[PDB]
Amino acid sequence: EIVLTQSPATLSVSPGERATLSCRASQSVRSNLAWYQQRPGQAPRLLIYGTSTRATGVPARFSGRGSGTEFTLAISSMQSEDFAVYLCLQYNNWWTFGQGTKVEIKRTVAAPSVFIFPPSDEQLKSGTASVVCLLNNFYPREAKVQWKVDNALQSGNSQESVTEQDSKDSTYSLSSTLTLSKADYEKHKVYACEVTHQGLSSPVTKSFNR
Amino acid sequence: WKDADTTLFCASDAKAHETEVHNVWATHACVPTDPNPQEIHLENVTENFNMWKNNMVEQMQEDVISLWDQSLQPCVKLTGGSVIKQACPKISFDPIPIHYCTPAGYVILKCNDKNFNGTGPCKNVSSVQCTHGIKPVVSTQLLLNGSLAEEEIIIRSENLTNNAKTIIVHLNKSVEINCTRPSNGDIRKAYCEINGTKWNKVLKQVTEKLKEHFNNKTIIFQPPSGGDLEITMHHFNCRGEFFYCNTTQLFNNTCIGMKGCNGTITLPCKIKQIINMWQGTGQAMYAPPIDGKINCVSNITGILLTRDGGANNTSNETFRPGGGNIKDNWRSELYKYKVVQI
Amino acid sequence: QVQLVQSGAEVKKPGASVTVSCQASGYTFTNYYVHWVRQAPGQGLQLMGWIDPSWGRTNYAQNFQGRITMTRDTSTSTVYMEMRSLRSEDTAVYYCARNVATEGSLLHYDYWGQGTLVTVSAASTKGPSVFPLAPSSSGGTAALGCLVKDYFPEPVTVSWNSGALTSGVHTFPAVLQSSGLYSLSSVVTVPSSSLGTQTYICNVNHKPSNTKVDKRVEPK
Ligand SMILES: *[C@@H]1O[C@H](CO)[C@@H](O)[C@H](O)[C@H]1NC(C)=O
Ligand SMILES: *[C@@H]1O[C@H](CO)[C@@H](O)[C@H](O)[C@H]1NC(C)=O
Ligand SMILES: *[C@@H]1O[C@H](CO)[C@@H](O)[C@H](O)[C@H]1NC(C)=O
Ligand SMILES: *[C@@H]1O[C@H](CO)[C@@H](O)[C@H](O)[C@H]1NC(C)=O
Ligand SMILES: *[C@@H]1O[C@H](CO)[C@@H](O)[C@H](O)[C@H]1NC(C)=O
Ligand SMILES: *[C@@H]1O[C@H](CO)[C@@H](O)[C@H](O)[C@H]1NC(C)=O
Ligand SMILES: *[C@@H]1O[C@H](CO)[C@@H](O)[C@H](O)[C@H]1NC(C)=O
Ligand SMILES: *[C@@H]1O[C@H](CO)[C@@H](O)[C@H](O)[C@H]1NC(C)=O
Ligand SMILES: *[C@@H]1O[C@H](CO)[C@@H](O)[C@H](O)[C@H]1NC(C)=O
Ligand SMILES: *[C@@H]1O[C@H](CO)[C@@H](O)[C@H](O)[C@H]1NC(C)=O
Ligand SMILES: *[C@@H]1O[C@H](CO)[C@@H](O)[C@H](O)[C@H]1NC(C)=O
Ligand SMILES: *[C@@H]1O[C@H](CO)[C@@H](O)[C@H](O)[C@H]1NC(C)=O
Ligand SMILES: *[C@@H]1O[C@H](CO)[C@@H](O)[C@H](O)[C@H]1NC(C)=O
Ligand SMILES: *[C@@H]1O[C@H](CO)[C@@H](O)[C@H](O)[C@H]1NC(C)=O
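- Per the deposition metadata, X-ray crystallography was the technique used to determine this entry, at a resolution of 2.8911 Å.

Next up, the structure:
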């Protein structure tokens, strides 16, 4: 019943700089609040319990402050290892977690390389047709993809997928997959995906003729 | 002075001619009690007490474990893959009071505030040589043959967190419980008679006190949730026999406020030979119960409770009879004491 | 030295039951409460309940009150959680944490199990169909890849040239289609000049269906 709200959902911090995460409680949890680090596909790791007490093994750059309903977790100098998700847990009344905060690596704006892929002839003989729009190595993560079939906007027939922030260049990659039957696919000529991003002065459209 | 930890020695009025198991243990382990115990009232002295961080509890636990591990050997001891078949003689079982004392250089501080919860500052403090006589009565759900609160009913919790492990209710009026195994088919069938008029009145006062601690909300009792029979039932040892009592009728919500809820509450009990040791390492099988009229009259002086967490507590707060942690039993007696070094 | 190891991944049909386990080690098993916490896709961590492995008392959440049961085997130091009448939204990773406690209060978590993936859907085990993402003619270098479509259940691993090619490779997380079958795709950027000369083969393995498919991608 005690709700923990973490702000922001995503925090962009350039390496070496200070990171400050917030956890608000719907009700007073006294000082019974703990922070956890969570890496992708891995169990949460205890960092700080009892609001400000570091767990044995946690480096000194981590610190917790605030009492009552407002809490903060600080990382003085961000390391490569520190860029992960951080959860707050209250254990005053029952046990409830926050939605978490992803600490991404801040970098300069990078425009995506846009690619389009017609469905393979192998897949066409099966009975379905998949068109894939690839957005490669971009930043920030916020992007918009619209499918246009013969200058007609599509909806509810595509699905997107994003990669985790890359270790090397701190960029993201996005994959949009348009799915039609081989009947619908052969009823039209021009297939295009339009991409909107900060790195582009105007939306970029890549297309192909069947 | 300052707070400290040290080895305590025990005192008792044990008898050298008694075959009784607590007397035999105490004649070997404890010294004769002081005929004229002295206590010193320290005027205008405030002292912090914490029953949940008191090592006296740790020492008593070791002593009571040692008492049972020396004197309650079953026939079949089932620990791990080992099946030990040994001789089990029927014993004389009846707990006697034990005093815990400090050696030279140490003194026990006693909190004399009538309404002390067990954790916090005490303004009326005295210093004693030994504690009062405490019977090492091992039981679950209900605290038996203990002491009473001098004034109001007291609710004991560490309260670092609403998620408490055990909630100790210290009663201020004893309620008699009469457990009997009659002389006359089944010799494992027993029952505890309890006066409903008195019990339901006390239990109503308990809910009244729990309201003070939980936002003046509706107090609901409920049967235990999961666990072995030792905690899902009133578990205790009477005359060497292990009793398991269904206390579902003891926490009848309908009897808490008005019909025929008074009169005699008869709890269904059974004597089990195969038990889970509270010490507790593995199981143990004991000899069949002795012939005759096995009887134990006890004073219910406390209740052990568990508050349901992760529930919708908008109007209801649900409590279930708890226990199992025998350390809690000693805390219900040692709460007002702590050891300090001069 | 404290360690919690949970059982393997389970796959069940809707309306069925499942039992997850967790074996403790490195500490006194009966001294620490054991909690079960789940994390549904796109949702926060939620506590289902705990069990005190000593006797052993259980406390469940209101949302799981009549569907789950927690037991322990004190001899093997193992905690079991049986979850009955599974639904689709029960699909989640089920972690296992021990709870630090004082003498009369329950505090935070410290050690966690690796977590158990539990998948609940009406779909049956199906093998993946691997299609090539053929390149053509961008900005110097071109990109190609593989579409791994219609498989169940998770997971599926993808590499390139049997692991020889790593630089520029981007494998996407799976996307659950409306059919009930998962679908992911892997891509890699390579020089368009060294495109018609070198070879590129995505290798796919789907252990839940004994599938091992290697597809070669080349221009049209
Ligand atoms: C308590 O303290 C006051 C002043 O601090 C002193 O006069 C008095 O004697 C002390 N004892 C009592 C019982 O008041
Ligand atoms: C204080 O404690 C003593 C025993 O130590 C007791 O007799 C007395 O009633 C208590 N209260 C007051 C106000 O003295
Ligand atoms: C039980 O309480 C009564 C008073 O109600 C007392 O006279 C009796 O000695 C007590 N018995 C025990 C064993 O504590
Ligand atoms: C016991 O305490 C309750 C309050 O919790 C009070 O109403 C009752 O009168 C007390 N009984 C005795 C005998 O002091
Ligand atoms: C016990 O009562 C005192 C009275 O002031 C209070 O300060 C303390 O917090 C209480 N302890 C608990 C555990 O409720
Ligand atoms: C306890 O019960 C037995 C039979 O059930 C009875 O003989 C005995 O008198 C009772 N004791 C008291 C104190 O009522
Ligand atoms: C614990 O303490 C808080 C405030 O200190 C109080 O509101 C609450 O009722 C207490 N709980 C118990 C069980 O005493
Ligand atoms: C407690 O609650 C009752 C209703 O359940 C209400 O009538 C009463 O005024 C309340 N008292 C306090 C002190 O909150
Ligand atoms: C106690 O008896 C009731 C019926 O009166 C039964 O429902 C309950 O299961 C019994 N207790 C146990 C622990 O079996
Ligand atoms: C509570 O008492 C009533 C009669 O006073 C009885 O009908 C009911 O079964 C009891 N509830 C129990 C034993 O749980
Ligand atoms: C039991 O006690 C209650 C107390 O209010 C009373 O209403 C009821 O009549 C009593 N039952 C009898 C005397 O049979
Ligand atoms: C039960 O206790 C009440 C307390 O007032 C007493 O009057 C009654 O005689 C006792 N025995 C019964 C009701 O059988
Ligand atoms: C409580 O004390 C009485 C008398 O001292 C005894 O008959 C009874 O068996 C004791 N109860 C327990 C549980 O030891
Ligand atoms: C909790 O249960 C009560 C029962 O009447 C209900 O009124 C309340 O809305 C519930 N709380 C919720 C649904 O958050």
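Some thoughts on the nonpolar core
It is characteristic of soluble globular proteins that their nonpolar side chains tend to be buried jointly.
So, point 1. Membership of the largest hydrophobic core comes to 73 residues, with the highest contact counts inside it found for A:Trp35, A:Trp95, C:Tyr109 and C:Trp112.
So, point 2. In contact with C:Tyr109, other than residues within four places in its own chain, are A:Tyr36, A:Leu46, A:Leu89, A:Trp95, A:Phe97, C:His35, C:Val37, C:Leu47, C:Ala97, C:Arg98 and C:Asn99.
So, point 3. Judged by nonpolar contacts, the second largest core, of 39 residues, contains B:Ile177, B:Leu210, B:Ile256 and B:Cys296.

Brief notes about the interface of chain B and chain A
So, point 1. With eleven residues of chain B at the interface, the matching set in chain A holds eight residues.
So, point 2. Per-residue buried area on chain B facing chain A is highest for B:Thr161, B:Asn162 and B:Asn163; these three make up 52% of the total on that side.
So, point 3. Remark: the boundary between chain B and chain A carries zero salt bridges.
So, point 4. Here chain B is connected to chain A by eight residue pairs in polar contact.
So, point 5. Residues belonging to the side of chain B that touches chain A are distributed by class as follows: one nonpolar, nine polar and one charged.

What about the state of the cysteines?
So, point 1. For the structure on display, the rule yields ten disulfides over all chains.
So, point 2. The disulfide partner of A:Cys133 is A:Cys193, and the gap between their sulfur atoms is 2.0 Å. The sign of the 80° torsion about the S-S bond sets the A:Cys133-A:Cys193 disulfide as right-handed. Of this pair, A:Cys133 sits in strand β13 (residues 128–138) while A:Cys193 sits in strand β17 (residues 190–196), and the two are 60 residues apart along the sequence. Like A:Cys193, A:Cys133 is buried.
So, point 3. At a sulfur-sulfur separation of 2.0 Å, the disulfide partner of C:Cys146 is C:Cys202. Classification of the bridge connecting C:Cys146 and C:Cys202 rests on its S-S torsion, roughly -95°, and on that basis the disulfide is left-handed. Of this pair, C:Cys146 sits in strand β13 (residues 141–151) while C:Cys202 sits in strand β18 (residues 201–206); the two residues are 56 residues apart in sequence, bridging distant segments of the chain.
So, point 4. For the unlinked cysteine C:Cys22, the closest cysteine sulfur is that of C:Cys96, found at 3.4 Å.
So, point 5. Note on C:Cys22: relative accessible area 2%, which makes it buried.
So, point 6. On the basis of relative accessibility, which here comes to 0%, the residue C:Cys96 falls in the buried class.

Comments concerning the sheet that holds strand β14 (residues 144–149) of chain A
Residue and element names in this part refer to chain A.
So, point 1. Read from one edge to the other, the open sheet built from three strands follows the order β14-β17-β18, with strand pairing classed as antiparallel. With one partner strand each, in any of the chains shown, β14 and β18 (204–209) form the two edges of the open sheet. Sheet twist, expressed as the average angle between the axes of neighbouring strands with direction ignored, equals 15°.

Here's the deal with the site of ligand 3
Residue and element names in this part refer to chain B.
So, point 1. For ligand 3, the full set of nearby residues is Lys-135, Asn-145 and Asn-299.
So, point 2. Contact between ligand 3 and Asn-299: an oxygen atom at 2.4 Å from a side-chain N or O atom of the residue.
So, point 3. Protein burial of ligand 3: of its 370 Å² of free accessible surface, 34% is covered by the chains.

Focus: the site of ligand 5
Residue and element names in this part refer to chain B.
So, point 1. As a structural note, the neighbourhood of ligand 5 is formed by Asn-117, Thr-119, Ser-157, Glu-158 and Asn-159.
So, point 2. At 2.4 Å, a side-chain N or O of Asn-117 approaches an oxygen atom of ligand 5.
So, point 3. For the shell around ligand 5, the class distribution of residues is no nonpolar, four polar and one charged.

Each value, and the rule that gives it
- Residues numbered from 1 in each chain as written, not as in the entry; some residues may be left out.
- Chains lettered and ligands numbered in written order.
- Heavy atoms only, no water.
- Core = buried A, V, L, I, M, F, W, Y, C linked by side-chain atoms within 4.5 Å.
- Buried < 20%, exposed > 50% of the residue type's maximum accessible area, 1.4 Å probe, protein only.
- Contact = heavy atoms within 4.5 Å.
- Buried area = accessible area lost by both parts, 1.4 Å probe.
- Salt bridge = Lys/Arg side-chain N within 4 Å of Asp/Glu carboxyl O.
- Polar contact = N/O pair within 3.5 Å; in protein donor to acceptor, adjacent residues only side chain to side chain.
- Nonpolar A, V, L, I, M, F, W, Y, C, P; charged D, E, K, R; others polar.
- Disulfide = S-S within 2.5 Å.
- Helix = DSSP H or I, 4+ residues; strand = E, 2+ residues; numbered from the N terminus.
- Pairing = 2+ DSSP bridges.
- Axes fitted to C-alpha atoms, helices over the stretch in contact; angles between N-to-C directions.
- Near = heavy atom within 4 Å.
- Areas by Shrake-Rupley, 256 points an atom, 1.4 Å probe, with all protein chains shown as cover.

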